[PDB]
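Structure first, commentary second.
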Amino acid sequence: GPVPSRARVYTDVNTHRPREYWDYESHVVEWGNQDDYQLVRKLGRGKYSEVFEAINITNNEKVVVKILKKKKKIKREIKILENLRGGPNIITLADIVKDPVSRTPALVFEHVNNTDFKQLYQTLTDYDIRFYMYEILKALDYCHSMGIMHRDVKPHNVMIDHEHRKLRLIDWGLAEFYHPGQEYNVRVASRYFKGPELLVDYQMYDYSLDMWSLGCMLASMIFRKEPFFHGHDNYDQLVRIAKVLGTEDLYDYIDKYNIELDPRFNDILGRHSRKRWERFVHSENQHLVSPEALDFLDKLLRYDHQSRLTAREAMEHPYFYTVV
Ligand SMILES: CC(=O)Nc1cc(Nc2cc(NC3CC3)n3ncc(C#N)c3n2)ccc1N(C)CCN(C)C
Ligand SMILES: [Cl-]
Ligand SMILES: [Cl-]
């Protein structure tokens, strides 16, 4: 059997809070008025939803409406969003509405004038990345301090209105309350941002999963390679990580937690030395790289979830000296 694990920070936030804080199934929703919103255009779609740009007709403000396609999953997202409302750089849930006849619910968010990261990330300066990384860290330390793991940290879930230097960590639909010893679903986050704990099916993970995901984002931004670890599937995703971090530290990790690796992994992982971060530094990205960026990245991208920086430790890193 695998060795148990608990978060080294905010372990019992949900334990010492009242039942109604984490017990989202008991939360009774007070519905807003659907007729306050006019849908303007489709912005996207997910597995469980469709997203639209809308207008709040009572004040002419732009909003984002997420129309939900499971009752338990709906209440979880709402409770997390309400718990986190007002938190630094956390998307604001402005309203919750429902078709009064069909009962189909929808969440109304504040609008962020985002620039697609495939266009934006190319124009960001060294200072810009440090600033935005510090802003994501504020949201992560906040949600973690409130006993919540985001579990889907990636650039598409980070809205940036660059003109206003405004950042919001969005789509808390995969977010979950942390309870020490709980066995969580490893089928979370986007492939490229999945922590090794998920890829090896280690279910007793915690907030430190978000720090890996953030590490993947930092690497993609300072090295101008999006995504940084580009696997063709979940198995190959771990191979991509092993080709950078090396197999020795991977097998030490599996060994430490007594993880039984899938038979598929053995032959495909092979043997790879740990690469120096400097290897990924080239003429075009060098202006975004510094010894502090590499030391910071190196402390985020650790196989052992218990050895990655916490969001508060990350905010203290010298990489953010000019920002703070
Ligand atoms: C709303 C949400 O939770 N997810 C979401 C938002 C978008 N897109 C946008 C776009 C904008 N602004 C730009 C048009 C200018 N903004 N501004 C604020 C918010 C919020 N919240 C927002 N969302 C697209 C797909 C999705 N999901 C459902 C896809 C799948 N998930 C699992 C990743
Ligand atoms: Cl979705
Ligand atoms: Cl943290």
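Order of listing sets the numbers, starting from 1, for every ligand and every atom in it. For the single chain, residues carry numbers from 1 onward in sequence order.
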Charged N-O contact under 4.0 Å between [X] and [Y]:
X	Y	value
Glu313	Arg8	yes
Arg41	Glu53	yes
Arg274	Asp298	yes

Inset, instruction - Could you label the plane-to-plane angle of the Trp277 and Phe228 rings as parallel, tilted or perpendicular, counting under 30° as parallel and over 60° as perpendicular? - result: tilted

Could you list each nitrogen or oxygen of ligand 1 that sits under 3.5 Å from a protein nitrogen or oxygen, with the atom names and the distance?
residue  : atom   : partner : partner atom : Å
ligand 1 : 3 (O)  : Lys66   : NZ           : 3.0
ligand 1 : 3 (O)  : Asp171  : OD2          : 3.2
ligand 1 : 4 (N)  : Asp171  : OD2          : 2.9
ligand 1 : 12 (N) : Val112  : O            : 2.8
ligand 1 : 17 (N) : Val112  : N            : 3.1
ligand 1 : 27 (N) : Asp171  : OD2          : 3.3
ligand 1 : 31 (N) : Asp171  : OD2          : 2.8

Inset, instruction - Spell out, as yes or no, whether a donor-acceptor pair under 3.5 Å connects the side chain of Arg130 to the backbone of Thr322. - result: no

Legend entry - Sequence neighbours excluded, every pair satisfying side chain to side chain donor-acceptor pair (under 3.5 Å) that has a member inside residues 112-121: none

